[PDB]
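1. Just need the structure, nothing else, for what follows:
(one chain, ligands or ions: 4)
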Amino acid sequence: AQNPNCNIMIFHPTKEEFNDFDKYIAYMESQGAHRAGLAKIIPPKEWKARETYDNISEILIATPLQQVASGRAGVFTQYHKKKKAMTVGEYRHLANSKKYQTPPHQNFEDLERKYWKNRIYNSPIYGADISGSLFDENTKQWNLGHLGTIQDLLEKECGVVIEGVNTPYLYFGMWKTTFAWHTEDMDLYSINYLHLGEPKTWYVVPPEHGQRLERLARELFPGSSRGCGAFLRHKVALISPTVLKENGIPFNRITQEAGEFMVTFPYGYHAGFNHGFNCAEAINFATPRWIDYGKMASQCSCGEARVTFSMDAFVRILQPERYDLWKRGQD
Ligand SMILES: O=C(O)CNC(=O)C(=O)O
Ligand SMILES: [Mg+2]
Ligand code: NI
Ligand SMILES: [Zn+2]
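-> Numbers count the residues shown, from 1 in each chain. Ligands and ions are numbered 1, 2, ... in the order given. The relevant structure is shown in the block below.
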């Protein structure tokens with residue numbers, strides 16, 4: 001069995017290997033990459049996402065989110081308070097202000113220590129989930145707006161034609177902006193490209209061990225767990241690496257830098273934080289290997305998770321027994 005310790009693997013495809021996206025994902029899985037839940041892909045030196053980032057300041061962040069924490073430094077939730085619209089140029093200036101800027105630090109490890117010590121005492125503002133793309137239309141390789149759609153994959157594998165669309169999303173971050181512990185909708189893959197700016201640190205639990213994280217989360221967030229049998233779908237709970245180690249939860253960590261891709265694999269729980277002002281693009285995708293994970297994915301039916309239009313068909317076709325309950329939670 002390849003990668004039996006479930007380490008995060010790093011790949012360096014050549015320009016020739018960068019042509020066929022599906023083939024390269026299958027190659028990484030042949031080497032055991034999916035066992036970690038997360039892989040890094042460094043693009044060949046010949047490749048670029050677009051020519052420059054000099055002209056992005058007029059993008060609008062319609063609903064910036066202030067991420068307010070509750071709990072203790074290593075075990076907390078966050079809620080999202082909506083703020084007034086601002087442009088990317090305005091948000092960049094805000095991220096660089098004395099109130100929000102990255103503190104002086106020695107290295108990534110010192111910054112990670114400072115994040116976990118101090119995160120709860122601040123409320124950073126995140127531009128999340130903005131439909132759009134920063135890939136040039138002429139970029140033919142690993143262009144996250146030109147991937148094969150999940151609806152087409154389901155149709156190819158299973159024969160059933162369904163409604164829905166699959167487009168990318170932009171994320172504008174600052175120091176301490178936080179992504180809570182989660183798997184993707186319907187335990188899909190994700191791919192994330194860091195277009196510009198400061199790094200993103202990731203934490204990940206191997207898919208084969210995801211239920212260990214879920215059982216800890218139920219212990220640590222006992223009111224939330226009574227409220228919903230899949231409350232990590234709410235995307236609000238944080239648990240630090242120190243607390244995971246104290247509780248014996250298998251996990252790994254890695255830092256993504258600008259110009260790098262990360263792939264999350266089906267049922268790979270992940271969480272993390274941004275180091276300073278940055279911009280990422282991400283989208284969900286599927287492969288044949290995903291179908292069995294989609295059929296078994298948990299679902300939130302309590303009302304909190306609320307998701308895209310396109311998840312309807314995935315539930316309806318893959319999980320018909322759960323469909324009526326889940327749809328009630330959507331309404
Ligand atoms: O970058 C972020 O805030 C969150 N991204 C992801 O969870 C992802 O790409 O799957
Ligand atoms: Mg612009
Ligand atoms: Ni994700
Ligand atoms: Zn719920």
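
2. For the rest of this, base every contact and every neighbour count on C-alpha atoms.
-> Noted.

3. Ligand 1 contacts on the stretch 151-300 of the chain?
-> 179, 190-192, 282 (CA under 6 Å from any ligand atom).

4. Taking these together, which two end up most distant?
-> 179 and 191 (14.8 Å; CA to CA).

5. so which of the residues of the stretch 151-300 of the chain next to ligand 1 is the most crowded?
-> Compared across these, residue 282 has the highest neighbour count, 24 neighbours, by other CA atoms under 10 Å.

6. which ones are touching it?
-> Taking CA atoms under 8 Å, 6 or more residues apart in numbering, we find residue 282 in contact with 144, 168-170, 190-193.

7. circling back to that earlier point, any chance of the residues of the stretch 151-300 of the chain next to ligand 1 in JSON lines, with secondary structure and distance to residue 211 too?
-> Shown next, in JSON lines, are those (DSSP: H, G, I helix; E, B strand; the rest coil; distance: CA to CA, whole Å):
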{"residue": "179", "secondary structure": "strand", "distance to residue 211": "19"}
{"residue": "190", "secondary structure": "strand", "distance to residue 211": "20"}
{"residue": "191", "secondary structure": "strand", "distance to residue 211": "23"}
{"residue": "192", "secondary structure": "strand", "distance to residue 211": "24"}
{"residue": "282", "secondary structure": "strand", "distance to residue 211": "25"}
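
8. Closest one of the contacts of residue 282 to residue 325?
-> So of the contacts of residue 282, ranked by how close each gets to residue 325 (CA to CA), first place is residue 190, at 26.0 Å.

9. State the helix or strand in which the residue lying closest to the closest one once chain neighbours are set aside lies.
-> Spatially, and ignoring its direct neighbours in sequence, residue 190 is nearest to residue 284 (4.3 Å; CA to CA, 6 or more residues apart in numbering). Per DSSP states H and E, residue 284 falls inside strand 278-285.

10. quick one: strands adjacent to that strand?
-> The strands beside strand 278-285 in its sheet (DSSP bridges) come out as strand 169-173 (antiparallel), strand 189-197 (antiparallel).

11. Which one of those lies nearest to ligand 2?
-> strand 169-173 (13.2 Å; CA to the ion).

12. got the residues of this structure near ligand 2?
-> Residues of the chain found near ligand 2 (CA under 5 Å from the ion) are 55-59.

13. ok, so of those, who is nearest residue 92?
-> residue 57 (8.4 Å).

14. just checking, that closest one is part of a helix?
-> No. Going by DSSP: H, G, I helix; E, B strand; the rest coil, the assignment for residue 57 is coil, not a helix.

15. That one is in contact with residue 88, isn't it?
-> Yes. Contact criterion CA atoms under 8 Å: residue 57 and residue 88 qualify, at 4.7 Å.

16. who's more crowded, these two?
-> residue 88 (18 against 13).

17. now that one: how far from residue 100?
-> 15 Å (CA to CA, to the nearest Å).
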